[PDB]
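Before any questions on how it binds or moves, here is one chain, the form deposited without the partner chain, in structure tokens.
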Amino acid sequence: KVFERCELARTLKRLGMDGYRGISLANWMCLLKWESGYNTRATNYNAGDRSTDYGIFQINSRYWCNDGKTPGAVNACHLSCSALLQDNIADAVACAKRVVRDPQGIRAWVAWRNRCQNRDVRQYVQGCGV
């Protein structure tokens, strides 16, 4: 599923993402926009280390989910990576909350640092009723 902007903003709000661990909705929206263009079946293979990024958050298989084909990987969200390819984003959201419970927080995603950090991200939630 490819979410429309405001539809996604309210979906995240309903799932408890607004201000989760100090992360605003606008930050999450900017992350998802740049990570997958709000696409839940987006997937990316990393040939350098044999890992794969899954779904709307582009969560990596080396540490967060199990796909059975990433060498020496772990599964911190205790989910099959297939769970991160569903149209329903509840499981991916639970995993993204798990990711930010770590020290780095939202900084876990390099893309967020590149195009969200220290930027005006207000535009991502404007007019969405959140």
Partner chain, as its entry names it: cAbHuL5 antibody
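Numbering follows the first chain given and starts at 1.
- As recorded in the PDB entry, 103 to 111 is the stretch of 103 to 111 and 8 to 16 with the greater mean C-alpha temperature factor.
- Checked against the record, the higher mean CA B factor of 35 to 43 and 49 to 57 lies with 35 to 43.
- When the C-alpha B-factors of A96, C81, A26, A73 are read from the PDB record, the largest value belongs to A73.
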